[PDB]
Amino acid sequence: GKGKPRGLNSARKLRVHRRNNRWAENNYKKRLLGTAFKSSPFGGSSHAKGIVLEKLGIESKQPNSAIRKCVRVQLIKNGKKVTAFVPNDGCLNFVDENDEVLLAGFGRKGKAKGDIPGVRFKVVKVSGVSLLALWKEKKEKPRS
Amino acid sequence: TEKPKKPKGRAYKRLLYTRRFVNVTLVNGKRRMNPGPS
Amino acid sequence: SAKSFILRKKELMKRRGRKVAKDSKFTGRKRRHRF
Amino acid sequence: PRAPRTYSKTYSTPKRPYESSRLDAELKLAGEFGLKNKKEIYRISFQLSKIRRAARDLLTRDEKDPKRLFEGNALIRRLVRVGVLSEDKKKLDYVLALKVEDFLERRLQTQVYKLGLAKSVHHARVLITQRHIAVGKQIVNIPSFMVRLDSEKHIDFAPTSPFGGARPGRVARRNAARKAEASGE
RNA sequence: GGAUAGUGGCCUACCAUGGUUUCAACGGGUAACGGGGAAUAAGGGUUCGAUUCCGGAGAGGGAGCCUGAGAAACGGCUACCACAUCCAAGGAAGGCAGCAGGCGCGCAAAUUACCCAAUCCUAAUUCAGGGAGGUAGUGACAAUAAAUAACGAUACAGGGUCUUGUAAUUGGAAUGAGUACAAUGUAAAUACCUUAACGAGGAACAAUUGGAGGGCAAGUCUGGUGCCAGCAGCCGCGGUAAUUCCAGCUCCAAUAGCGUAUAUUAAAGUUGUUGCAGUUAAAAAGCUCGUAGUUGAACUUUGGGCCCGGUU
RNA sequence: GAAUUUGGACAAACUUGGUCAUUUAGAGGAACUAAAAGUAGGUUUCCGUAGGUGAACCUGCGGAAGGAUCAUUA
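Residues numbered from 1 in each chain as written, not as in the entry; some residues may be left out. Chains lettered and ligands numbered in written order. Part of a larger assembly, values for the part shown. Heavy atoms only, no water.

- Listed as the method for this PDB entry is cryo-EM; the listed resolution is 3.4 Å.

- The header of this PDB entry states its title as "Cryo-EM structure of a yeast pre-40S ribosomal subunit - State Tsr1-1 (with Rps2)".

- Under Subcellular location, UniProt gives the following word-for-word description of chain B: "Cytoplasm".
- Word for word, the UniProt comment on chain B under Sequence similarities is "Belongs to the eukaryotic ribosomal protein eS30 family." (UniProt positions renumbered as here; feature names shortened; annotations may be inferred.)

## Points about the overall build of chain C
- Regarding its fold elements, chain C presents 2 helices and 0 strands.
- With the C-alpha coordinates aligned to their principal axes, the bounding extent of chain C is approximately 35 × 20 × 15 Å.
- When each of the 35 residues of chain C is scored for burial, the buried share is 6%. (Helix = DSSP H or I, 4+ residues; strand = E, 2+ residues; numbered from the N terminus. Buried < 20%, exposed > 50% of the residue type's maximum accessible area, 1.4 Å probe, protein only.)

## Overview of the side chain of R106(D)
Residue and element names in this part refer to chain D.
- Among the secondary structure elements, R106 is positioned in the loop between α5 (100-105) and α6 (108-114).
- A distance of 2.6 Å separates a polar atom in the side chain of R106 from a polar atom in the side chain of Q111.
- In contact with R106, not counting residues within four places along its chain, are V82, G83, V84, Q111, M146, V147, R148, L149 and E152. (Polar contact = N/O pair within 3.5 Å; in protein donor to acceptor, adjacent residues only side chain to side chain. Contact = heavy atoms within 4.5 Å.)

## Brief notes about the state of the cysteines
Residue and element names in this part refer to chain A.
- In this structure the tally under the stated criterion is 0 disulfides over all chains.
- Looking at the unpaired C70, the closest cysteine sulfur is the one in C91, lying at 14 Å.
- When its relative accessible area of 11% is taken as the criterion, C70 is described as buried.
- The exposure class of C91 is buried, given its relative accessible area of 0%. (Disulfide = S-S within 2.5 Å.)

## Remarks on the protein's contact with RNA strand E
- Lining the immediate surroundings of RNA strand E are 111 residues, of which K2(A), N23(B), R31(C), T129(D) and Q130(D) lie closest.
- Near-protein atoms of RNA strand E (within 4 Å) split between backbone and bases, with sugar and phosphate holding 71%.
- For RNA strand E, a phosphate oxygen lies 2.4 Å from a polar atom in the side chain of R32(B).
- Separating a phosphate oxygen of RNA strand E from a side-chain N or O atom of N37(D) is a distance of 3.5 Å.
- Top contributing element to the surface near RNA strand E by residue count: helix α1 (residues 10-20) of chain B, with 6 residues.
- Broken down by class, the residue content of the surface near RNA strand E amounts to 32 nonpolar, 34 polar and 45 charged. (Near = heavy atom within 4 Å. Nonpolar A, V, L, I, M, F, W, Y, C, P; charged D, E, K, R; others polar.)

## Quick word on the nonpolar core
- Among the nonpolar cores identified, the biggest contains 22 residues, and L79(D), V95(D), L98(D) and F103(D) are the most heavily contacted of them.
- Listed by contribution, the elements that provide at least two residues to this core are α1 (20-33), α2 (39-59), α3 (66-82), α4 (92-95) and α5 of chain D.
- A per-element tally of this core places α2(D) first, with 6 residues.
- With residues near it in sequence (within four places) discarded, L98(D) still touches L48(D), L79(D), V84(D), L85(D) and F103(D).
- Of all hydrophobic cores here, the second largest spans 19 residues; its members include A48(A), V71(A), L103(A) and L131(A). (Core = buried A, V, L, I, M, F, W, Y, C linked by side-chain atoms within 4.5 Å.)

## Comments concerning the arrangement of the chains
- A comparison of contact numbers over the 2 pairs of chains in contact places chains B and D at the top.
- Structurally, chain A and chain B remain out of contact, their C-alpha atoms never closer than 19 Å.
- With no contact formed, the shortest span from any C-alpha in chain B to any C-alpha in chain C equals 12 Å.

## Here's the deal with α3(D)
All names here are of chain D.
- Counted at 1.5 Å a residue, the expected span for α3 with its 17 residues is 24 Å, and the 24 Å between its end C-alpha atoms agrees.
- If you check which residues of α3 are buried, you get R68, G72, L75, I76, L79 and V80. Down the axis of α3, the buried set is contained in an arc of 125°. They therefore lie on one face. Among the exposed residues of α3, those pointing more than 90 degrees away from its buried face are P66, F70, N73 and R77.
- For α3, the secondary structure elements touched by its buried residues are α2, α4 and α5.
- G83 sits one or two residues past α3 and shows a positive phi near 110°. (Expected span 1.5 Å × (residues − 1). Arc of directions from axis to C-beta.)

## Quick look at the interface of chain C and chain A
- Each partner contributes to the interface: chain C provides 4 residues, whereas chain A provides 5 residues.
- Counting the surface chain C buries against chain A, the share from its top three residues, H33(C), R34(C) and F35(C), is 85%.
- For the pair chain C and chain A, the interface holds 0 salt bridges.
- Linking chain C with chain A are 1 residue pair in polar contact.
- Of the residues in the side of chain C that touches chain A, the class split is 1 nonpolar, 1 polar and 2 charged. (Buried area = accessible area lost by both parts, 1.4 Å probe. Salt bridge = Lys/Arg side-chain N within 4 Å of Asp/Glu carboxyl O.)

## Quick word on the packing of aromatic side chains
All names here are of chain A.
- As enumerated under the stated definition, the model contains 5 aromatic pairs over all chains in all.
- Seen in terms of ring centroids, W23 and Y28 are 5.2 Å apart; in terms of plane orientation they differ by 80°. Their pairing is edge-to-face.
- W23 gets classed as partly exposed once you look at its relative accessible area, which sits at 32%.
- Overall, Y28 belongs to the buried group, its relative accessible area being 15%.
- A centroid spacing of 5.8 Å and a plane angle of 75° characterise the contact between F85 and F106, whose relative ring orientation is edge-to-face. (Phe/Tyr/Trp six-rings, centres within 6.5 Å; stacked < 30°, edge-to-face > 60°.)

## Quick word on the interface of chain D and chain B
- At the interface, 11 residues of chain D touch 8 residues of chain B.
- In total, about 960 Å² of surface goes out of reach between chain D and chain B, with carbon and sulfur atoms giving 69% of it.
- Together, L27(D), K36(D) and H122(D) form the three largest contributors to the area buried by chain D at its contact with chain B, with a combined 50%.
- There are 0 salt bridges connecting chain D and chain B.
- Top element by residues in the side of chain D that touches chain B is α1(D). It accounts for 4 residues.

Here you go:
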């Protein structure tokens, strides 16, 4: 019983049935179709670099608000445009227009985390220095 | 403010042993690890 | 609504019979500041 | 194109890192033996797990198997020569019964404290690091030397190291010079 | 028959119509060089392998050829294509995926250094040459060992005449991080090993990285800012979908390391051969016939006696 | 024995028309997004098919319960 063939000379049907069922995965189909190299905002890369096109005044609510903003950036290698949650407040004065920021993911192996709908990137670096050192008044942003 | 510096490395672990169980300092009966104003 | 969510889910483990740390003025705040 | 140099790491962090019983037992061990961090405990646990895995898959082997006899006798001889396993416990189910602090007892730091000469474990570690203890005639400045059974009567003060004679150290020298130029004339 | 070093449709003339395929031929894709191997630890598996060894292929893309035992060679030649250098404008000269190094592309990677002293290789050859190789410079890829303190005395506090802690109290010890005669080291040096001399009293010679409802170890902390048709009246209180708006204190973990992102493995019995599930949660073809495939009742010399010698 | 020459095999590349592969403009369309702020009703639930309709919806035929078995004889 138990559905599957069980005979001793019956490895071929087990092989082909396993291959079709594995094509009904989620990770296997995303990996063997080359989905990240053609369709992902990154090229399957851990980090990326981009040009800050716009910054929008996105608050959580209206005037009694939480200052949690994001910028809209265009990639260097792909040319695609994404959006990125900048770190803790006070970093918005560092990120101006056309700053060559470096971006990573947000923490869900390729999905958005947090209460911001549709943002899965964070600005790791700005102008090629940092945000942690730049916010902690350790290093300062170079001019132009 | 400035304080006398905390020991570093092995002695610090030694300090925790002295802090945790030789002559146990602060207990509420259920071994609290961070008290405030009692 | 972070504080309200923590207070709402905070009462369930009392119903389910598990220990819960007693509440004070540190609940709905950024305990560790971001980058 | 030089032939590769093989390396390997000798410790393994625990799978579940935040549990109270293991943390308090580790702090107990670190306090009683005077350890710098948890990596010494991890190192002993790693090599004890290696020993236990070898003992397990030798005990699974059938009795009078020549591989079982050879590897088991070598393992028991090595762990008696180190001094962890006792003289009356030369079996395989008994080497499966070994514990971490049994290994941690045979360190040079614990052995130089237990043989007098140090009056504390942290004083023993500081005394070893400052190049004061010689095994035989070789000065050892390592707390984890893992003293054998045949050299237990040879841990002594160095031919250097002013606690064993031979030209007292820098601070006493400066104090003697100070007393000679000030209180001398 | 020709050609080859040689078998061979390898090619040519003649003659047959054959050869492979559901046990997947052929075609397409491969962000595919293959293997020894690597990570993941109950097993079986899953993922990776451009890269220290073995084999293949290429020298910007093709093609052709000389010399030679060996090449369809590119630090050899010839032609075309694409790039591109010098000028006297007539002509000439190219090929770093060798070692350094420059631009470019990027999240992503070091010196235009010294030497044949080692390992070996080439030659007419113990002698010459070797960016092969070795040495040093950069280097927190990864891996190993463990400094940042130890011992007293005083005054109190305890378990209570012996054992621990506290403190703007005090005392002498000890040593390397460094600065370096010298000597070892080395082709010559740098460094390690050894060592004359100097080198610790705390803002010295000062350890960081993360986190604290629960996950998960660690707060019945403090201050400030902003709003309220809520009380008071200029003191203030409370609330604040301010998803805490901003700082500090205290505590926990790991520790010369720690955090984050991406991928993968385990937990995962969410790929299930071991080992899933299908009435109602995803899922039994509307039903039957039927080829390949998978599977397929029982039975044929058993039993008894003889000796010898092996292992506990 | 050089310059040059006939034929052959090897064959780079060029011109014409065709095949395939990826990317950028292009009227129009259908969907959706936060858009704080625009124009009381009937109520069995479905499945297949056909027609009609601003919106679900209405109607015809066949099937299902994934719909609440009282009472009495024997």
